[PDB]
Number of protein chains: 2
Amino acid sequence: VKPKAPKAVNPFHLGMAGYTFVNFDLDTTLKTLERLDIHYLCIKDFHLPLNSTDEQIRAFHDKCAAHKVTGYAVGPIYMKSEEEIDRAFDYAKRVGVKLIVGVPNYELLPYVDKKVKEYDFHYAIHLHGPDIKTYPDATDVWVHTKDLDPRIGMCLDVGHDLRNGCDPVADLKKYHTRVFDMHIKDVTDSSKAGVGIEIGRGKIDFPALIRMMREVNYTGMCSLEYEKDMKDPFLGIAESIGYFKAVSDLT
Amino acid sequence: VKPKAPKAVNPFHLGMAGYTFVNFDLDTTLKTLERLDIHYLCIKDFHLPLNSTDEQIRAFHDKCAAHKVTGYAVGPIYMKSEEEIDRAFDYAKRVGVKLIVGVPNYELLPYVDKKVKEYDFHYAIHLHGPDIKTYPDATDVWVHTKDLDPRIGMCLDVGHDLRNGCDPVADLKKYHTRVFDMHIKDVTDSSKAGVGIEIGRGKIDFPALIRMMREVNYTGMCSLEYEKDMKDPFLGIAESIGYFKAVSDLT
């Protein structure tokens with residue numbers, strides 16, 4: 001009997017983005033993560049509403065822990081006014097996280113700056129690809145944040161970046177000092193016409209991504225945001241996780 | 001935009017072993033393979049009974065084709081008398097396959113020899129690991145077949161082989177001339193106490209297996225036989241397929 005090769009060491013943590021489970025309750029979400037050996041969840045309002053009580057927040061944490069899951073950040077949370085920003089930062093504090101994934105209107109970036117100073121939280125702007133005018137890609141988030149507080153950056157969405165015609169691995173190399181979260185997913189083309197697909201079936205260079213994360217020592221989460229078959233996504237979620245685990249282990 | 005590496009070329013074909021779906025009908029089985037991009041199914045009696053009519057066989061083939069699946073072999077079929085052997089070979093011919101996965105009593109091996117000559121079919125004996133007295137491992141199948149017709153060999157079950165304390169990659173190197181089918185699966189230990197687990201989570205050295213299949217030019221099927229959570233196996237089936245696809249692509 002000959003032991004297989006040791007699995008490679010990686011600085012990042014595997015998680016799930018909450019939108020993957022937009023059509024499912026928290027019970028179903030946590031049970032699925034548990035079965036997939038995934039220990040991190042980005043928290044969405046459809047699982048933990050912003051006005052949840054202190055007791056409801058405790059109950060959320062306890063359920064997460066019972067399934068060996070940590071809620072590591074909140075969002076994406078879209079923010080179109082200072083009041084929404086105020087509410088999002090207070091919610092993060094109440095939930096006990098220090099990372100907020102957000103989509104603030106451009107004119108509100110100075111206010112986000114004020115709030116990251118007040119709370120000492122990181123704030124990761126979710127880039128959205130070529131269908132959306134604001135924050136289409138990693139460069140656009142960079143240009144809007146590079147002169148602001150160091151705690152403001154991006155949720156590097158590798159799929160949307162590639163669909164905008166950008167190399168997400170080269171963007172990670174350039175912009176790593178402001179990449180605070182990541183959505184992993186795969187796409188069928190490096191254009192607006194690219195659609196979501198199971199990880200490994202599409203165009204994203206995962207081996208390159210994994211090597212680059214090691215090279216820049218990315219220590220955040222790589223959170224699967226699976227946007228295919230969203231009314232019955234389980235088979236695709238699990239195949240994508242398997243493929244990504246293997247790339248993580250063998251690269 | 002930089003294209004990812006071309007996927008590696010492999011001589012084998014990815015399939016599914018029918019026992020994976022012992023608790024599910026053929027519709028559910030074919031739909032699952034279709035969604036997983038799997039094109040080969042080993043045919044079990046609970047999906048296509050041995051006394052199925054000619055019309056039922058046609059209907060089976062048409063349904064398989066509609067889901068882009070080929071039924072590539074039949075079995076495993078346990079055989080404890082010459083009559084059962086007679087019935088299995090005639091069934092294979094009626095179903096239009098040339099490979100039978102079987103478990104014949106040892107004393108019936110001469111009759112299997114007679115039947116492979118009569119029909120010109122390959123016959124792959126499913127080895128069963130340390131819990132079962134007959135055909136516990138690849139060496140035992142080898143010793144019982146090496147002097148018989150060249151068309152009689154083994155369904156190399158990598159999980160059961162490892163649980164018997166055997167190296168399935170070294171067994172493949174030794175015995176490739178008589179490996180006509182393969183069950184892929186993973187296990188938690190190289191002992192009787194090893195249980196099934198998602199591919200990649202266990203002890204089987206898949207990269208080594210893939211390199212060895214290239215080295216001996218194994219052109220048969222690697223059929224997933226998933227024996228965990230068998231009342232709700234979908235998540236584990238899909239993770240295992242993802243992991244194995246990645247190993248196939250990147251090794």
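Each chain gets a letter, A, B and so on, in the order its sequence line appears, and its residues count up from 1. Only this structure's heavy atoms are used, side chains among them; waters, hydrogens and symmetry mates stay out.
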Taking only residues at least two apart or on different chains, which pairs with a member in residues 162-193 of chain B satisfy ring pair (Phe, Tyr, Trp, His ring centres under 6.0 Å)?
B:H122-B:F180, B:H126-B:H183, B:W142-B:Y175

Which residues share a salt bridge (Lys or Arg N to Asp or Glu O under 4.0 Å) with B:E215, sequence neighbours left out
none

Atom CG of A:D37 and atom CD1 of B:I197: how far apart are they, to the nearest 0.5 Å?
8.5 Å

Spatial distance of atom CD1 (B:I85) from atom CG (B:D113) [nearest 0.5 Å]:
11.0 Å

Restricting to side chain to side chain contact (heavy atoms under 4.5 Å, CB included), what partner residues turn up for B:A92, sequence neighbours left out?
B:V74, B:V97, B:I100, B:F121

From OG1 (B:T251) to CZ (B:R211), nearest 0.5 Å:
5.5 Å

Heavy atoms, side chains only, cut-off 4.5 Å: are A:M182 and A:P168 in contact?
no

State which residues pass side chain to side chain contact (heavy atoms under 4.5 Å, CB included) with A:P11; sequence neighbours excluded, sorted by chain then number.
A:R214, A:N217, A:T219

Working to the nearest 0.5 angstrom, can you tell me the gap between B:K4 NZ and B:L250 CG?
8.5 Å

Which heavy atom of A:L33 sits nearest a heavy atom of A:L41, and at what distance?
CD2-CB, 4.0 Å

Answer yes when B:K93 and B:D90 have at least one side-chain N-carboxylate O distance shorter than 4.0 Å, and no when they do not.
no

Please identify each residue that fulfils salt bridge (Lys or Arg N to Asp or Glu O under 4.0 Å) with B:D25, with sequence neighbours left out.
none

With B:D167 via salt bridge (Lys or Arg N to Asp or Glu O under 4.0 Å) - residues at least two apart
none

Would you compute the distance between atom CG of B:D161 and atom OG of B:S190 and round it to the nearest 0.5 angstrom?
11.0 Å

Of all pairs that satisfy ring pair (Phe, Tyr, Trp, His ring centres under 6.0 Å), the ones with a partner from residues 3-38 of chain A, not counting sequence neighbours:
A:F12-A:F244, A:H13-A:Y40, A:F24-A:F234

Measuring from B:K114:NZ to B:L108:CG, what's the distance to the nearest 0.5 Å?
11.5 Å

Test salt bridge (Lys or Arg N to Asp or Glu O under 4.0 Å) applied to B:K173 - qualifying residues, sequence neighbours left out
none

Please set out all donor-acceptor pairs under 3.5 angstrom arising from side-chain atoms of residues 62-70 of chain B, sequence neighbours excluded.
from	atom 1	to	atom 2	distance (Å)
B:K63	NZ	B:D27	OD1	3.1
B:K63	NZ	B:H67	NE2	3.0
B:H67	ND1	B:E34	OE1	2.8
B:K68	NZ	B:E34	OE2	2.9

Using side chain to side chain donor-acceptor pair (under 3.5 Å) as the criterion, list what pairs up with A:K228, not counting sequence neighbours.
A:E198

All side chain to side chain contact (heavy atoms under 4.5 Å, CB included) counterparts of B:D86, not counting sequence neighbours
B:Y111, B:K115

Tabulate below the donor-acceptor pairs under 3.5 Å that side-chain atoms of residues 236-243 of chain B make, not counting sequence neighbours, or state none.
from	atom 1	to	atom 2	distance (Å)
B:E239	OE1	B:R201	NH2	2.8
B:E239	OE2	A:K245	NZ	2.8
B:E239	OE2	B:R201	NE	3.1
B:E239	OE2	B:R201	NH2	3.4
B:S240	OG	B:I199	N	3.0
B:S240	OG	B:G236	O	2.8
B:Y243	OH	A:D249	OD2	2.6

Out of B:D186, B:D157, B:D137, B:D131, which one pairs with B:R163 under the salt bridge (charged side-chain N to carboxylate O under 4.0 Å, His left out) rule?
B:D131

